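Notes for the structure review
Letter by letter, the chains look like this.
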There are 2 protein chains.
Amino acid sequence: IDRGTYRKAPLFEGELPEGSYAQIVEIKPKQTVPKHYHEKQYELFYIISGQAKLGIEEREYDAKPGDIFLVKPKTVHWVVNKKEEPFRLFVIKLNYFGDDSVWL
Amino acid sequence: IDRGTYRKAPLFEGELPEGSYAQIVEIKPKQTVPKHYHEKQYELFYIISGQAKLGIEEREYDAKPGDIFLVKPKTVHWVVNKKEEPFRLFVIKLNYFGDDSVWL
Ligand SMILES: [Mg+2]
Ligand SMILES: [Mg+2]
């Protein structure tokens, strides 16, 4: 499914307990996902493939395959894919009740 | 941390919302994790490395790196590591309130 700066594929759609969601995300080639935070949800990310700058709060990380991150609620985050390869991650949302994104 | 047939490393210990837990598991070389089910918890597994037979209910899967599985509550499951390499997975527990394993 296309979302402009990224594509997403839901995993086990409807089979996870209320409050949880899982998906594959691919940040497109050379794309920035700009600064945003979630009001309620937590996000766990497992990096499958590619490389990107991943920003959480004041820190920017060199995200590489095998890395795992946690983005807590009301924590700004962003991604800069500087490569021609998609930046692919396995995403688990927790305390998730629908879109709660604030874009800056 | 050693658990006999597997080793585990908690991830973001204490930072996840109540009801959720994350860890790295490594099923040891050549080891079987025998049939068991959870009363309440759901388990999402991302296979990092190695190969194993993963049983869920009546189905046995050839689990390989990149595969993702969901084990629902009160669903029997088991793993047979036939390789000398550890079977390494990223595990997210949902609807998780403590050890609720029934071993058969
Ligand atoms: Mg986010
Ligand atoms: Mg289990």
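Residues numbered from 1 in each chain as written, not as in the entry; some residues may be left out. Chains lettered and ligands numbered in written order. Heavy atoms only, no water.

X-ray crystallography is the method the PDB entry lists for this structure, together with a resolution of 1.5800 Å.

Going by what the PDB entry lists, chain A is known as Mannose-6-phosphate isomerase and is assigned to Thermococcus barophilus. This structure appears in the PDB under the title "Thermococcus barophilus phosphomannose isomerase protein structure at 1.6 A".

On to the interface of chain B and chain A, then. It is common to give the size of an interface as the accessible area lost on bringing the parts into contact. Of the residues lining the interface, 20 residues belong to chain B; the matching set on chain A comes to 20 residues. Together chain B and chain A conceal approximately 1,700 Å² of surface at their shared face, both sides included; 85% is due to carbon and sulfur atoms. One can count two salt bridges joining chain B with chain A. We note a salt bridge from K72(B) to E15(A), for which the minimum N-O separation is 2.8 Å. Between the two partners, chain B and chain A, sit two residue pairs in polar contact. Only β2 (20–27), β4 (42–49), β7 (68–71) and β9 (87–94) of chain B provide two or more residues apiece to the side of chain B that touches chain A. Residue contributions to the side of chain B that touches chain A peak at four residues, all from β4(B). Considering only residue class, the side of chain B that touches chain A consists of 16 nonpolar, two polar and two charged. (Contact = heavy atoms within 4.5 Å. Buried area = accessible area lost by both parts, 1.4 Å probe. Salt bridge = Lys/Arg side-chain N within 4 Å of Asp/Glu carboxyl O. Polar contact = N/O pair within 3.5 Å; in protein donor to acceptor, adjacent residues only side chain to side chain. Helix = DSSP H or I, 4+ residues; strand = E, 2+ residues; numbered from the N terminus. Nonpolar A, V, L, I, M, F, W, Y, C, P; charged D, E, K, R; others polar.)

Okay, the side chain of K28(A) next. Residue and element names in this part refer to chain A. With respect to the helices and strands, the residue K28 is situated in the loop between β2 (20–27) and β3 (32–38). A polar contact is formed between the side chain of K28 and the backbone oxygen of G4, at a distance of 2.4 Å. The residues contacting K28, other than those within four sequence positions of it, are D2, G4, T5, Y6, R7 and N81.

Residues and elements named next belong to chain A. Coordination sphere of the magnesium ion (ligand 1), protein contribution only: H38 (NE2), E43 (OE) and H77 (NE2), at 2.1 to 2.4 Å. In terms of primary sequence, the donors binding the magnesium ion (ligand 1) are separated according to H-x4-E-x33-H. Here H77 lies in strand β8 (residues 77–80) and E43 lies in strand β4 (residues 42–49), a separation of 34 residues in the sequence. (Donors = N, O, S within 2.8 Å, 3.2 Å for Na, K, Ca; no water.)

With that settled, the discussion passes to the packing of aromatic side chains. Geometrically, a pair of aromatic rings is defined through the distance of the ring centres and the angle of the planes. Taken as a whole, this structure holds eight aromatic pairs over all chains when the rule is applied. Both rings, one in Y46(A) and one in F90(B), keep their centres 5.7 Å apart while their planes meet at 25°; by these two values the pair is stacked. You can see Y46(A) sitting in strand β4 and its partner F90(B) sitting in strand β9, one on each of two chains. With a relative accessible area of 6%, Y46(A) lands in the buried category. We classify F90(B) as buried; its relative accessible area is 0%. Here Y61(A) and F69(A) contribute two aromatic rings whose centre-to-centre distance is 5.5 Å and whose plane-to-plane angle is 55°, an arrangement assigned as tilted. Residue class for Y61(A) comes out partly exposed when judged on its relative accessible area of 29%. The class for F69(A) is buried, based on a relative accessible area of 9%. (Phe/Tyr/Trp six-rings, centres within 6.5 Å; stacked < 30°, edge-to-face > 60°. Buried < 20%, exposed > 50% of the residue type's maximum accessible area, 1.4 Å probe, protein only.)

Residues and elements named next belong to chain A. Alternating residues of strand β7 (residues 68–71) divide into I68 and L70 and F69 and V71, and every residue in both groups is buried. Alignment of β4 against β7, held across four bridges, turns out to be antiparallel. If you follow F45 over to β7, its bridge partner there is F69. (Pairing = 2+ DSSP bridges.)

Quick look at the pairing of strand β5 (residues 52–56) of chain B now. Residue and element names in this part refer to chain B. Counted residue by residue, β5 has four buried out of five residues, so it is predominantly covered. If you look at the hairpin formed by β5 and strand β6 (residues 59–63), you'll find two residues sitting between the two strands, and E57 has a positive phi there, around 65°. Pairing geometry for β5 and strand β8 (residues 77–80), over four bridges, is antiparallel. Across the sheet, the residue bridging to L54 is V79, located in β8.

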